[PDB]
Structures are given as C-alpha cells and as structure tokens.
2 protein chains.
Amino acid sequence: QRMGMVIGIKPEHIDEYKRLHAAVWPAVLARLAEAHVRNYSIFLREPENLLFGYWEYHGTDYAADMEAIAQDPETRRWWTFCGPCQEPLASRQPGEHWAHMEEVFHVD
Amino acid sequence: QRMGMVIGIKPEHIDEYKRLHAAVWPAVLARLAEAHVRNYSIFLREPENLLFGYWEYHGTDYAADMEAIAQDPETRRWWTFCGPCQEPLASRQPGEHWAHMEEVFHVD
Ligand SMILES: C[C@@H]1O[C@@H](O)[C@@H](O)[C@H](O)[C@@H]1O
Ligand SMILES: C[C@@H]1O[C@@H](O)[C@@H](O)[C@H](O)[C@@H]1O
C-alpha cells in the first residue's frame, strides 16, 4: 500500500526544516517503523513551496496506526518544531495536517 | 536513487488522464523499465490540480536514459495524449516538462 501526501512550507522556514530533517529524532523514526511505515521520503518544490511525502504502509489498519503516532508524546514535541515550518493546505479535510493524494498510476 | 517530480493537471482533463493511466501502453512501460525506472507512481491532488510522480532510478547516467525515452517514437505518440491533460509549471527550467523536486528526507 502506497501513499502520497502534500503540505505547504513557509519559505522563511525552508532552511530550518531541512536542518531538522538532516537528523530526525530516533524516537520519531522508531514510532514510524512501529506503525509499519517504510520507504518514506519527503520532497520539496521551490518556488511553489510544496512538500510531497511518499511512503509504503505495510500495516493492516492505517487509521489506527496513525492515531498511535498522533499521541506519542515525543512525536508531538517533534511536531512543535516541524509544524511552524509548514502551511497546511487550506483545502484539506477536517482532521488533516498533511493532505492525502489519490494514486492514479503505478508500475513496478 | 529516488526522484520526485511535479506537474499541473487541467481539471477538465482529469477523468481522461485517469482513464489513460488505467492501461498505460505496454511499449511505454517497456521503455521505462529499460531506462532503469522502477517503483513508479503518480499521485493526484484535487483541488490544487497537481500531479506528483515518484520513482526509483537504478541507472547510471540519468540524463542519457531520459533522453532515450524522449526520442522513442511510441512514447512521443503517448505524450500526444497525456500532454494536453497536463499543465507544466510556469516556474520550471528550460527543457523540463515535469519539474524536479529536491529530496529533504528519507528513512527506510
Ligand atoms: C518525520 C516526518 O517529519 C515531519 O516532516 C512531519 O510533518 C511528519 O509528520 C513526520 O513526522
Ligand atoms: C507513464 C507516464 O505517463 C504520463 O503521465 C507521462 O507524463 C509520463 O512522462 C510517463 O510517460
């Protein structure tokens, strides 16, 4: 199961966001691996100031594993650093931070 | 070597683009596999009307393998169908159709 997601970034915080992601906290990464998230990349587009996340989810209840992460206190502290850098899409659903995208094509 | 890329889509052509990609021409996929492109997905975001492509490139000279594809006669015919659906970013470099993104994070 593949997922693509999208969020805005504030241009004045792009360097800070890159610095943070050069050394993502081990507790954050372990909590992501425990929720069955693998092969996870984030891409940046300037000048449109968009972040594209891609990951492969090997779990069996996505909505639960995501709420697991959402309450990990170390991940919530990490989000106090990343969040201010980001600009959630005005068009997202209630409850979304990153906005989900629809897969329209895959080839192995 | 992971790569992320982005292009616009015209909302009036979204259904046609999805239909085309439900059965991508076998010659197009063969030329992509022979250029060492693997694990290739395309995601769509409405309402921002953005397409996000992700692939993993196991080749040795990216700029050459991309040029090989760009001259394949069957791929150029295929692009006469996809292209009219797309809206290349006004901000892209000369020579780009899809605009490349910068990887800022990966975890396995
Ligand atoms: C490791 C990643 O770091 C930031 O980019 C967050 O927005 C993501 O939710 C994730 O925690
Ligand atoms: C298979 C893919 O199909 C369309 O989306 C094109 O824009 C891509 O370049 C690629 O050929």
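The rules behind these values
- Residues numbered from 1 in each chain as written, not as in the entry; some residues may be left out.
- Chains lettered and ligands numbered in written order.
- Heavy atoms only, no water.
- Near = heavy atom within 4 Å.
- Polar contact = N/O pair within 3.5 Å; in protein donor to acceptor, adjacent residues only side chain to side chain.
- Areas by Shrake-Rupley, 256 points an atom, 1.4 Å probe, with all protein chains shown as cover.
- Helix = DSSP H or I, 4+ residues; strand = E, 2+ residues; numbered from the N terminus.
- Nonpolar A, V, L, I, M, F, W, Y, C, P; charged D, E, K, R; others polar.
- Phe/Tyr/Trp six-rings, centres within 6.5 Å; stacked < 30°, edge-to-face > 60°.
- Buried < 20%, exposed > 50% of the residue type's maximum accessible area, 1.4 Å probe, protein only.
- Contact = heavy atoms within 4.5 Å.
- Buried area = accessible area lost by both parts, 1.4 Å probe.
- Salt bridge = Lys/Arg side-chain N within 4 Å of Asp/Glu carboxyl O.

Per the deposited record, the coordinates in this entry were obtained by X-ray crystallography to a resolution of 1.7500 Å.

Looking now at the site of ligand 1. All names here are of chain A. Taken together, the neighbourhood of ligand 1 is formed by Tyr-17, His-21, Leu-32, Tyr-40, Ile-42, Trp-78, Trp-79, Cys-82, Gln-86 and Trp-98. The side chain of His-21 places a nitrogen or oxygen atom 2.8 Å from an oxygen atom of ligand 1. Taken by itself ligand 1 offers 290 Å² of open surface, and the protein chains cover 93% of this. Among the secondary structure elements, those contributing two or more residues to the shell around ligand 1 are α1 (14–21), β2 (37–45) and α4 (73–82). Its residues assigned to classes, the shell around ligand 1 comprises eight nonpolar, two polar and no charged.

This model, assessed by the stated rule, comprises 19 aromatic pairs over all chains. Between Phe-43 of chain A and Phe-52 of chain B the ring centres are 6.1 Å apart and the planes differ by 55 degrees, which places this aromatic pair in the tilted class. With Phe-43 of chain A in strand β2 and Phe-52 of chain B in strand β3 (residues 50–57), this residue pair bridges two chains. With respect to burial, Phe-43 of chain A and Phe-52 of chain B carry one shared label: buried. Within the aromatic cluster, the residues linked to one another by ring pairs are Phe-43, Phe-52 and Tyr-54 of chain A together with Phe-43, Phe-52 and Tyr-54 of chain B.

Next up on the list: unusual backbone geometry. All names here are of chain A. Of the consecutive residues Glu-46 and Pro-47, the connecting peptide bond is found in the cis state with omega at 10 degrees. You can see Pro-47 is positioned in the loop between β2 and β3 (50–57). Backbone geometry at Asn-39 places phi at a positive 50 degrees, although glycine is not the residue there. Within the element layout of this structure, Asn-39 appears in strand β2. Overall, the relative accessible area of 15% leaves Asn-39 in the buried class. Despite not being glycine, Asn-49 has its phi angle at roughly 60 degrees, a positive value. Mapped onto the elements, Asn-49 comes out in the loop between β2 and β3.

So, about the interface of chain B and chain A. When the parts come together, some accessible area is lost, and that loss is often what is quoted as the size of the interface. With 37 residues of chain B at the interface, the matching set in chain A holds 37 residues. Counting each side, the surface lost to burial between chain B and chain A is near 3,400 Å², with a carbon and sulfur contribution of 64%. Looking only at chain B, the three residues that lose the most surface to chain A are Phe-43, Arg-45 and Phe-105 of chain B, adding up to 21% of its buried area. Taken together, chain B and chain A are joined by two salt bridges. Between the two partners, chain B and chain A, sit 22 residue pairs in polar contact. Broken down by secondary-structure element, the contributors of at least two residues to the side of chain B that touches chain A are β1 (2–9), α1 (14–21), β2 (37–45), β3, β5 (99–100) and β6 (102–107) of chain B.

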